[PDB]
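Residue numbers count from 1 along this sequence.
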Amino acid sequence: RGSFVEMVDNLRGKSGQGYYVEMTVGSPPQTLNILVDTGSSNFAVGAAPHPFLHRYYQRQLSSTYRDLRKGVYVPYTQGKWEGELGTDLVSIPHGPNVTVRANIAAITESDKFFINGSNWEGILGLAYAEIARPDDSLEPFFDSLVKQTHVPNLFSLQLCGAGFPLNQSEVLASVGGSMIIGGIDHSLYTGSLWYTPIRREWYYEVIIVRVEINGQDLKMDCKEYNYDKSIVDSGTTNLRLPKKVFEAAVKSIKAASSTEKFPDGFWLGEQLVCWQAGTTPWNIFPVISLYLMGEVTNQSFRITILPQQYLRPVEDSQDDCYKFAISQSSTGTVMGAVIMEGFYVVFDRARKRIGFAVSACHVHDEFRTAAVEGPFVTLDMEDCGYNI
Ligand SMILES: CN1C(N)=N[C@](C)(c2cc(NC(=O)c3ccc(F)cn3)ccc2F)CS1(=O)=O
């Protein structure tokens, strides 16, 4: 049974541009669409006109706005934002029926931060205070929500990829998934939930202990899979792998799919590949299994994804086109939105663990499905974690 009907289907979006939830800020409430981001810890909202924003937070119109008299500059590789810190009353209309006083970074200037046509105006960083900007004294939203209300210290995400391109109108009219705040909705997954420990509370850090491509062991020292960390990040599109792991994985995926040759640009995630309508040869592409440390000593479990997760549908014609959604990283493994689309993911902060189950909305075919299976006996799993 599904016990969180009020929160089911409260997300919209897609892997290319992000999944967002409606929120309100200020008095009277100002509605904004906000990116759900498990890879950052600031609640940061557009607060000044921008060519890609149709609306923004207007602090002068909120009677409950409190100015913290402090600026913040946040540069990323992917862009940058500058803002002004304050607090205000915040609600999630399709969430728990509560209003909390939370920190808000009011974005006044930005570079390559906002995405044209994404339909979101801010980011909800759901990770821990350690990585909050400017520092860990800026309490993240979820910490405020738990402290001020009786909402349990857990949230869960079901990101739903359509399996085909959605145009501007369809992506606005379509349900993109669910963010269950304070619980688990059992209608969103099939099979069992398997849990991996949160290694440390900063990002949602986990430990990968084995990687297979179509059941063939990638056979690298497991420290390589987590060099320099492995995280679960709804604010990244792709599955991102450390350089050496990416090189080994692409070699293995090319070998498994060798009956068709794809240009170098496809494997670089830059160029699309197209097939005649309905003829995508899913079967030539391998499944990918990531084994994660279990909660029991010397036990692991695996999550298996299909090419329907790691090939991202894009518009070209009536052809079915895709981009390869696995890419190289110099900051560790990132299990991004395309991986999360295969699973219902439970961020059980209270028990310092992350749960995975097969998603009721994952894209598959009649021959293969995504999977979450276990247990497997795995020794010296702590050695897979990277230090320094
Ligand atoms: C990886 N990153 C992350 N998790 N959060 C940040 C806040 C971020 C995320 C986005 N996310 C996105 O734009 C996005 C796009 C498609 C998706 F499926 C998910 N997220 C945009 C700006 C930004 F600063 C910083 S980042 O280092 O870039």
Side-chain angles (χ1 to χ4, degrees), residues 11-20 35-39 78 115 118 120 157-166 171 174 176-179 188-189 203-204 206 208 211-213 225 230-242 245-246 249-250 252-253 256-257 262 266-273 280 282 285-290 292 302-315 320-329 331-345 347 354 356-365 368-372:
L11 305 183
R12 285 192 288 159
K14 56 192 189 174
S15 64
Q17 295 184 311
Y19 287 90
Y20 58 87
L35 179 76
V36 170
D37 183 12
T38 64
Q78 303 89 344
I115 303 166
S118 70
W120 51 263
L157 291 172
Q158 188 205 47
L159 305 186
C160 298
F164 45 86
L166 295 167
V171 73
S174 205
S178 305
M179 174 171 176
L188 306 179
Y189 70 96
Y203 293 95
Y204 286 100
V206 297
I208 294 166
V211 173
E212 297 172 0
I213 307 300
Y225 302 139
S230 289
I231 69 171
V232 182
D233 184 9
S234 65
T236 290
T237 295
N238 288 356
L239 167 62
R240 306 183 69 220
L241 300 166
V245 181
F246 177 78
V250 171
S252 183
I253 297 164
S257 64
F262 298 98
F266 167 75
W267 300 107
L268 289 171
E270 291 164 354
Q271 204 176 316
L272 49 71
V273 58
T280 304
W282 299 108
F285 287 92
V287 304
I288 300 175
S289 297
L290 304 181
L292 298 169
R302 63 190 184 200
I303 67 176
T304 300
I305 60 159
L306 303 185
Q308 282 93 337
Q309 280 73 60
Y310 65 79
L311 299 185
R312 188 166 63 82
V314 303
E315 258 305 328
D320 289 334
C321 306
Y322 308 84
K323 279 185 184 169
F324 184 60
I326 308 181
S327 60
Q328 191 180 315
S329 177
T331 63
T333 293
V334 184
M335 292 170 56
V338 298
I339 301 311
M340 296 183 68
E341 284 175 355
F343 306 99
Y344 180 44
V345 186
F347 295 78
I354 294 161
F356 290 83
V358 174
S359 182
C361 69
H362 84 278
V363 180
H364 60 89
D365 58 44
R368 299 196 290 210
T369 173
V372 182

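- In terms of heavy atoms, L166 sits closest to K14 at O-NZ, 3.1 Å.
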**Request:** Run the numbers on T304 and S289 for side-chain hydrogen bond (donor to acceptor under 3.5 Å, both in side chains), then give the verdict.
**Result:** CA-CA 4 Å; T304 300; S289 297; 2.8 Å; yes

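- Within the 4.5 Å cutoff, side-chain heavy atoms of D37 are placed close to those of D233.
- Checked against the 6.0 Å centroid threshold, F347 and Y204 count as a close aromatic pair.
- Nearest approach of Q308 to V363, heavy atoms of both residues: CB-O, 3.4 Å.
- Using a 30° and 60° split on the angle between ring planes, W267 and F324 fall in the perpendicular class, above 60°.
- Listed here is the closest heavy atom pair of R12 and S174: CG-O, 3.4 Å.
- The minimum heavy-atom distance between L157 and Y344, with the atom names listed, is O-CD1, 3.5 Å.
- Scanning all heavy atoms of the two residues, the minimum distance from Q158 to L188 falls at NE2-O, 3.1 Å.
- Across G18 and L35, no two heavy atoms sit closer than the pair CA-CD1, 3.6 Å.
- Using modelled atom types, one finds no donor on one side chain facing an acceptor on the other under 3.5 Å when comparing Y189 with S359.
- At a cut-off of 3.5 Å, with distance as the only test, a side-chain donor of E341 or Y19 sits close to an acceptor on the other residue.
- Side-chain contact between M335 and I303 is present, with heavy atoms from C-beta onward closer than 4.5 Å.
- Counting only N and O atoms by type, the side chains of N238 and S327 include a donor and acceptor under 3.5 Å apart.
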